[PDB]
Amino acid sequence: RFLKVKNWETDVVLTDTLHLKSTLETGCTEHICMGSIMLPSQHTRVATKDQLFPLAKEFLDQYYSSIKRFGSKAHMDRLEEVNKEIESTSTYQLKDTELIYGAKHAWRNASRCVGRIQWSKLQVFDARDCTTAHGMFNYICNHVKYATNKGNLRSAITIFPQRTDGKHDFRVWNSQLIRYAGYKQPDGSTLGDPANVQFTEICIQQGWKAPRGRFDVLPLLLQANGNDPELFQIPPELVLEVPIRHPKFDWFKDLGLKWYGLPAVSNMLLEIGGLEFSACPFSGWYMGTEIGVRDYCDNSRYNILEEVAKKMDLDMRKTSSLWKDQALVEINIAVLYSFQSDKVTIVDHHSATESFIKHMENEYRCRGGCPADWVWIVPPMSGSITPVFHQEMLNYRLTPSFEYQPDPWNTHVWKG
Ligand code: HEM
Ligand SMILES: CNCc1cc(Cl)cc(-c2cc(C)cc(N)n2)c1
Ligand SMILES: C[C@H](O)[C@H](O)[C@H]1CNc2nc(N)[nH]c(=O)c2N1
Ligand SMILES: [Zn+2]
């Protein structure tokens, strides 16, 4: 009841007691392990007033235990106050302090996030007074400008009104605030980002005038209080982009690649004391490999291993010439170098995974554990030459948390 996780590179052992506070379920049983199911039946998100208070109490007890005013009068009164409000209003409202705590700790608990060493340094923007898609557009624009900080990227989250009935729902329909468009071609192939081809088609179905190109930043599709979503284009001066060059291969610039500096996930759901925030875009900075390995070299994404290995002049006839590997490394050297030379914040997969081991040590010390999803923490290249490969990690689900949620167009009772 006090499990141990070993690092097999360093022979370090850490004792995990935090998993005992775990509440949610993982998907695994004693007879089957789902650790590699991407969106397990559990990881996806209507409530009742009865369910709501234990979740509120449980959350409030750890918040007051975090300011070391656990069980005091200030705590018991807040327990009573929210109990009463879940009677009166069948729900409740977080204090600003509670919102900032819960949001930080949802990140802290994000077992698939390798960046969490920064969890306490998160800027929380309270958009709970927002009422229109135009207001969402405004809060998001302030979020982009703030979190971008002229390339000195800063972690932030903007938290729109919580779900109430369900049919009134604030949603950012974009999967991220800044993403490149995907256009299928008349010959079947794909321009831009193939991930977003369906989303790009939705934006055009709502009137987007597509500049049918590669790195065309998509418009925000913002749904406010259940109403139909509306298009807004982020002021281009607010979307910071890094042109990708290589520090040796001067032909690399002719590849004509770029990426945006701000990774800002917008499709997920924040849970805080039973309250559900369906629109809560959050940003940090990139680990290089998300761009250089996944964005650029996934077969179903940009898929540039072909053209890079070409210009490198590589033994491409044979699978075993590791021409794909050799061109994957150059691509990631180039992403890193380009971002660093523009002073745009980026972390390489070695520095990031080291920070996470350090972060794990702190979490087992001053917290008793650190839920971690090996399948997601190990970078998608050079796995075993990074220290997280060698670190046993216990995955368990704690709250507050970020959850997945259905895409809004599969669930929105639309009315033209
Ligand atoms: C500050 C720098 C950050 C870095 C370097 C970082 C790094 C990463 C990476 C590489 C992933 C894997 C994504 C993929 O490869 O598909 C990830 C996932 C994730 N990040 Fe972090 N992140 C950062 C900040 C944040 C912030 C500020 C939040 C929330 C406020 C957050 C929440 C999450 C969540 C919830 C996931 C996983 C989603 C899931 O469960 O599937 N991250 N992060
Ligand atoms: C392949 N990248 C796609 C992707 C997917 C997801 Cl679920 C999260 C992030 C993400 C989010 C934040 C806040 C920082 C960061 N470095 N990455 C990126
Ligand atoms: C099938 C598998 O679960 C899926 O490819 C996961 C594996 N690990 C991952 N790890 C990260 N960081 N990001 C991902 O998208 C994935 N994809
Ligand atoms: Zn398992």
# chains A, B, ... in the order shown; residues from 1 in each chain; ligands from 1
call {"tool": "residues_near_ligand", "arguments": {"ligand": "ligand 4", "cutoff": "8 Å", "atoms": "only C-alpha atoms and all ligand atoms", "output": "list in words"}}
result
residues 26, 27, 28, 29, 32, 33, 34, 35 and 395 of chain A
call {"tool": "closest_atom_pairs", "arguments": {"of": "chain A", "to": "ligand 2", "cutoff": "9 Å", "atoms": "only C-alpha atoms and all ligand atoms", "output": "JSON lines"}}
result
{"residue": "A:112", "atom": "CA", "partner": "ligand 2", "partner_atom_place_in_ligand_line": "7 (Cl)", "distance": 8.3}
{"residue": "A:113", "atom": "CA", "partner": "ligand 2", "partner_atom_place_in_ligand_line": "8 (C)", "distance": 7.7}
{"residue": "A:114", "atom": "CA", "partner": "ligand 2", "partner_atom_place_in_ligand_line": "16 (N)", "distance": 8.4}
{"residue": "A:115", "atom": "CA", "partner": "ligand 2", "partner_atom_place_in_ligand_line": "16 (N)", "distance": 7.1}
{"residue": "A:155", "atom": "CA", "partner": "ligand 2", "partner_atom_place_in_ligand_line": "13 (C)", "distance": 7.5}
{"residue": "A:156", "atom": "CA", "partner": "ligand 2", "partner_atom_place_in_ligand_line": "13 (C)", "distance": 8.3}
{"residue": "A:157", "atom": "CA", "partner": "ligand 2", "partner_atom_place_in_ligand_line": "13 (C)", "distance": 8.8}
{"residue": "A:175", "atom": "CA", "partner": "ligand 2", "partner_atom_place_in_ligand_line": "5 (C)", "distance": 8.8}
{"residue": "A:176", "atom": "CA", "partner": "ligand 2", "partner_atom_place_in_ligand_line": "4 (C)", "distance": 8.2}
{"residue": "A:262", "atom": "CA", "partner": "ligand 2", "partner_atom_place_in_ligand_line": "14 (C)", "distance": 7.9}
{"residue": "A:263", "atom": "CA", "partner": "ligand 2", "partner_atom_place_in_ligand_line": "14 (C)", "distance": 5.1}
{"residue": "A:264", "atom": "CA", "partner": "ligand 2", "partner_atom_place_in_ligand_line": "13 (C)", "distance": 5.3}
{"residue": "A:265", "atom": "CA", "partner": "ligand 2", "partner_atom_place_in_ligand_line": "11 (C)", "distance": 5.4}
{"residue": "A:267", "atom": "CA", "partner": "ligand 2", "partner_atom_place_in_ligand_line": "7 (Cl)", "distance": 8.8}
{"residue": "A:268", "atom": "CA", "partner": "ligand 2", "partner_atom_place_in_ligand_line": "7 (Cl)", "distance": 8.2}
{"residue": "A:281", "atom": "CA", "partner": "ligand 2", "partner_atom_place_in_ligand_line": "13 (C)", "distance": 8.5}
{"residue": "A:282", "atom": "CA", "partner": "ligand 2", "partner_atom_place_in_ligand_line": "13 (C)", "distance": 5.5}
{"residue": "A:283", "atom": "CA", "partner": "ligand 2", "partner_atom_place_in_ligand_line": "13 (C)", "distance": 3.8}
{"residue": "A:284", "atom": "CA", "partner": "ligand 2", "partner_atom_place_in_ligand_line": "13 (C)", "distance": 4.2}
{"residue": "A:285", "atom": "CA", "partner": "ligand 2", "partner_atom_place_in_ligand_line": "16 (N)", "distance": 4.8}
{"residue": "A:286", "atom": "CA", "partner": "ligand 2", "partner_atom_place_in_ligand_line": "16 (N)", "distance": 3.7}
{"residue": "A:287", "atom": "CA", "partner": "ligand 2", "partner_atom_place_in_ligand_line": "16 (N)", "distance": 5.2}
{"residue": "A:288", "atom": "CA", "partner": "ligand 2", "partner_atom_place_in_ligand_line": "16 (N)", "distance": 8.3}
{"residue": "A:289", "atom": "CA", "partner": "ligand 2", "partner_atom_place_in_ligand_line": "1 (C)", "distance": 7.7}
{"residue": "A:290", "atom": "CA", "partner": "ligand 2", "partner_atom_place_in_ligand_line": "1 (C)", "distance": 4.0}
{"residue": "A:291", "atom": "CA", "partner": "ligand 2", "partner_atom_place_in_ligand_line": "1 (C)", "distance": 6.3}
{"residue": "A:293", "atom": "CA", "partner": "ligand 2", "partner_atom_place_in_ligand_line": "1 (C)", "distance": 8.3}
{"residue": "A:294", "atom": "CA", "partner": "ligand 2", "partner_atom_place_in_ligand_line": "1 (C)", "distance": 5.6}
{"residue": "A:295", "atom": "CA", "partner": "ligand 2", "partner_atom_place_in_ligand_line": "1 (C)", "distance": 5.8}
{"residue": "A:346", "atom": "CA", "partner": "ligand 2", "partner_atom_place_in_ligand_line": "16 (N)", "distance": 8.4}
{"residue": "A:347", "atom": "CA", "partner": "ligand 2", "partner_atom_place_in_ligand_line": "16 (N)", "distance": 8.6}
{"residue": "A:404", "atom": "CA", "partner": "ligand 2", "partner_atom_place_in_ligand_line": "7 (Cl)", "distance": 8.9}
call {"tool": "select_by_dssp", "arguments": {"residues": "region 15-150 of chain A", "states": "strand (DSSP E or B)", "output": "ChimeraX atom specification"}}
result
/A:15-16,29,32,44,123-126
call {"tool": "residues_near_ligand", "arguments": {"ligand": "ligand 3", "cutoff": "7 Å", "atoms": "only C-alpha atoms and all ligand atoms", "output": "list in words"}}
result
residues 36, 37, 38, 112, 375, 376, 377, 378, 379 and 380 of chain A
call {"tool": "write_last_selection", "arguments": {"atoms": "N, CA, C and O atoms", "output": "short mmCIF file (atom, residue, chain, number, x, y, z; two decimals), in the first residue's frame"}}
result
data_model
loop_
_atom_site.label_atom_id
_atom_site.label_comp_id
_atom_site.auth_asym_id
_atom_site.auth_seq_id
_atom_site.Cartn_x
_atom_site.Cartn_y
_atom_site.Cartn_z
N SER A 36 -1.46 1.75 -22.98
CA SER A 36 -1.19 2.31 -24.29
C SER A 36 -2.45 2.62 -25.08
O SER A 36 -2.37 2.94 -26.27
N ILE A 37 -3.62 2.56 -24.45
CA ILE A 37 -4.83 3.08 -25.08
C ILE A 37 -4.79 4.60 -24.99
O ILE A 37 -4.62 5.16 -23.90
N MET A 38 -4.95 5.27 -26.13
CA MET A 38 -4.70 6.72 -26.21
C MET A 38 -5.74 7.52 -25.42
O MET A 38 -5.39 8.40 -24.62
N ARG A 112 0.49 12.74 -18.21
CA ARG A 112 1.09 12.68 -19.54
C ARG A 112 1.94 13.90 -19.87
O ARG A 112 2.47 13.97 -20.98
N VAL A 375 4.23 6.02 -21.25
CA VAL A 375 3.96 5.94 -22.68
C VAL A 375 4.01 7.31 -23.31
O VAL A 375 4.47 7.45 -24.45
N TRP A 376 3.60 8.34 -22.55
CA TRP A 376 3.61 9.73 -23.00
C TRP A 376 4.82 10.52 -22.54
O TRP A 376 5.20 11.48 -23.23
N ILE A 377 5.44 10.18 -21.41
CA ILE A 377 6.58 10.97 -20.95
C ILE A 377 7.83 10.68 -21.79
O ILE A 377 8.63 11.58 -22.05
N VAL A 378 8.03 9.43 -22.22
CA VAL A 378 9.23 9.17 -23.03
C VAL A 378 9.13 9.91 -24.36
O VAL A 378 8.12 9.76 -25.09
N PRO A 379 10.13 10.72 -24.73
CA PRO A 379 10.08 11.46 -26.02
C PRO A 379 9.99 10.51 -27.20
O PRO A 379 10.39 9.35 -27.11
N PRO A 380 9.44 10.96 -28.33
CA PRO A 380 9.23 10.06 -29.48
C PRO A 380 10.47 9.81 -30.33
O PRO A 380 10.34 9.27 -31.43
#
call {"tool": "residues_around", "arguments": {"residues": "residue 275 (chain A)", "least_positions_apart": "3", "cutoff": "9 Å", "atoms": "only C-alpha atoms", "output": "count of residues only"}}
result
14
call {"tool": "select_by_dssp", "arguments": {"residues": "region 3-125 of chain A", "states": "alpha helix (DSSP H)", "output": "PyMOL selection string"}}
result
chain A and resi 49-64+73-88+96-108
call {"tool": "residues_around", "arguments": {"residues": "residue 209 (chain A)", "least_positions_apart": "4", "cutoff": "12 Å", "atoms": "only C-alpha atoms", "output": "VMD selection string"}}
result
chain A and resid 181 200 to 205 213 216 to 219 231 to 233
call {"tool": "write_last_selection", "arguments": {"atoms": "N, CA, C and O atoms", "output": "PDB file, in the first residue's frame"}}
result
ATOM      1  N   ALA A 181      -3.744  25.078 -41.091  1.00  0.00           N
ATOM      2  CA  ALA A 181      -4.906  24.527 -41.766  1.00  0.00           C
ATOM      3  C   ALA A 181      -4.535  23.294 -42.575  1.00  0.00           C
ATOM      4  O   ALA A 181      -3.401  23.138 -43.030  1.00  0.00           O
ATOM      5  N   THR A 200     -10.576  22.335 -40.616  1.00  0.00           N
ATOM      6  CA  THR A 200     -10.475  23.335 -41.677  1.00  0.00           C
ATOM      7  C   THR A 200     -11.734  23.360 -42.534  1.00  0.00           C
ATOM      8  O   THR A 200     -12.194  24.432 -42.942  1.00  0.00           O
ATOM      9  N   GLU A 201     -12.309  22.189 -42.813  1.00  0.00           N
ATOM     10  CA  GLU A 201     -13.534  22.155 -43.603  1.00  0.00           C
ATOM     11  C   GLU A 201     -14.714  22.719 -42.818  1.00  0.00           C
ATOM     12  O   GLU A 201     -15.614  23.328 -43.408  1.00  0.00           O
ATOM     13  N   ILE A 202     -14.718  22.542 -41.493  1.00  0.00           N
ATOM     14  CA  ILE A 202     -15.774  23.130 -40.672  1.00  0.00           C
ATOM     15  C   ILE A 202     -15.703  24.650 -40.728  1.00  0.00           C
ATOM     16  O   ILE A 202     -16.722  25.320 -40.921  1.00  0.00           O
ATOM     17  N   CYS A 203     -14.500  25.216 -40.584  1.00  0.00           N
ATOM     18  CA  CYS A 203     -14.350  26.668 -40.649  1.00  0.00           C
ATOM     19  C   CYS A 203     -14.832  27.222 -41.984  1.00  0.00           C
ATOM     20  O   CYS A 203     -15.456  28.292 -42.028  1.00  0.00           O
ATOM     21  N   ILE A 204     -14.564  26.511 -43.086  1.00  0.00           N
ATOM     22  CA  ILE A 204     -15.049  26.984 -44.381  1.00  0.00           C
ATOM     23  C   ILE A 204     -16.566  26.841 -44.469  1.00  0.00           C
ATOM     24  O   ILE A 204     -17.251  27.687 -45.058  1.00  0.00           O
ATOM     25  N   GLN A 205     -17.114  25.770 -43.882  1.00  0.00           N
ATOM     26  CA  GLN A 205     -18.562  25.601 -43.819  1.00  0.00           C
ATOM     27  C   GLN A 205     -19.238  26.710 -43.020  1.00  0.00           C
ATOM     28  O   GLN A 205     -20.441  26.941 -43.197  1.00  0.00           O
ATOM     29  N   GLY A 213      -3.163  27.363 -48.492  1.00  0.00           N
ATOM     30  CA  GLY A 213      -1.721  27.236 -48.503  1.00  0.00           C
ATOM     31  C   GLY A 213      -1.231  26.217 -47.492  1.00  0.00           C
ATOM     32  O   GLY A 213      -2.002  25.372 -47.023  1.00  0.00           O
ATOM     33  N   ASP A 216      -1.115  28.226 -43.014  1.00  0.00           N
ATOM     34  CA  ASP A 216      -2.180  29.200 -42.826  1.00  0.00           C
ATOM     35  C   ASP A 216      -2.761  28.996 -41.436  1.00  0.00           C
ATOM     36  O   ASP A 216      -3.334  27.936 -41.150  1.00  0.00           O
ATOM     37  N   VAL A 217      -2.588  29.991 -40.565  1.00  0.00           N
ATOM     38  CA  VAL A 217      -3.120  29.878 -39.216  1.00  0.00           C
ATOM     39  C   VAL A 217      -4.639  29.858 -39.289  1.00  0.00           C
ATOM     40  O   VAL A 217      -5.253  30.646 -40.020  1.00  0.00           O
ATOM     41  N   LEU A 218      -5.247  28.935 -38.562  1.00  0.00           N
ATOM     42  CA  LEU A 218      -6.681  28.764 -38.611  1.00  0.00           C
ATOM     43  C   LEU A 218      -7.372  29.863 -37.815  1.00  0.00           C
ATOM     44  O   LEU A 218      -6.778  30.459 -36.917  1.00  0.00           O
ATOM     45  N   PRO A 219      -8.629  30.154 -38.127  1.00  0.00           N
ATOM     46  CA  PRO A 219      -9.389  31.079 -37.292  1.00  0.00           C
ATOM     47  C   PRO A 219      -9.931  30.368 -36.067  1.00  0.00           C
ATOM     48  O   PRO A 219     -10.189  29.163 -36.081  1.00  0.00           O
ATOM     49  N   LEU A 231     -16.589  32.640 -36.107  1.00  0.00           N
ATOM     50  CA  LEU A 231     -15.202  32.737 -36.543  1.00  0.00           C
ATOM     51  C   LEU A 231     -14.558  34.052 -36.116  1.00  0.00           C
ATOM     52  O   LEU A 231     -15.169  35.123 -36.205  1.00  0.00           O
ATOM     53  N   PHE A 232     -13.308  33.964 -35.663  1.00  0.00           N
ATOM     54  CA  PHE A 232     -12.486  35.139 -35.415  1.00  0.00           C
ATOM     55  C   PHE A 232     -11.050  34.808 -35.788  1.00  0.00           C
ATOM     56  O   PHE A 232     -10.557  33.719 -35.479  1.00  0.00           O
ATOM     57  N   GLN A 233     -10.382  35.755 -36.441  1.00  0.00           N
ATOM     58  CA  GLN A 233      -8.977  35.613 -36.801  1.00  0.00           C
ATOM     59  C   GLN A 233      -8.118  36.380 -35.803  1.00  0.00           C
ATOM     60  O   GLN A 233      -8.261  37.600 -35.658  1.00  0.00           O
TER      61      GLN A 233
END
call {"tool": "closest_residue", "arguments": {"among": "A:49, A:95, A:349, A:343", "to": "ligand 1", "atoms": "only C-alpha atoms and all ligand atoms"}}
result
A:349
call {"tool": "residues_around", "arguments": {"residues": "region 122-129 of chain A", "least_positions_apart": "5", "cutoff": "12 Å", "atoms": "only C-alpha atoms", "output": "VMD selection string"}}
result
chain A and resid 93 to 108 115 to 117 135 to 144 146 to 147 153 to 163 170 224 to 225 277 to 284
call {"tool": "residues_around", "arguments": {"residues": "residue 338 (chain A)", "least_positions_apart": "4", "cutoff": "9 Å", "atoms": "only C-alpha atoms", "output": "VMD selection string"}}
result
chain A and resid 242 to 247 333 to 334 342 to 344
call {"tool": "closest_residue", "arguments": {"among": "A:391, A:196, A:410, A:152", "to": "ligand 1", "atoms": "only C-alpha atoms and all ligand atoms"}}
result
A:152
call {"tool": "closest_residue", "arguments": {"among": "A:228, A:214, A:387, A:394", "to": "residue 168 (chain A)", "atoms": "only C-alpha atoms"}}
result
A:228
call {"tool": "closest_residue", "arguments": {"among": "A:1, A:318, A:179, A:19", "to": "residue 372 (chain A)", "atoms": "only C-alpha atoms"}}
result
A:19
call {"tool": "closest_residue", "arguments": {"among": "A:317, A:415, A:150, A:397", "to": "ligand 1", "atoms": "only C-alpha atoms and all ligand atoms"}}
result
A:397
call {"tool": "atom_distance", "arguments": {"atom1": "CA of residue 383 (chain A)", "atom2": "CA of residue 319 (chain A)"}}
result
20.1 Å
call {"tool": "closest_residue", "arguments": {"among": "A:351, A:88, A:341, A:386", "to": "ligand 1", "atoms": "only C-alpha atoms and all ligand atoms"}}
result
A:351
call {"tool": "atom_distance", "arguments": {"atom1": "CA of residue 273 (chain A)", "atom2": "atom 15 (O, counted along the ligand's line) of ligand 1"}}
result
27.4 Å
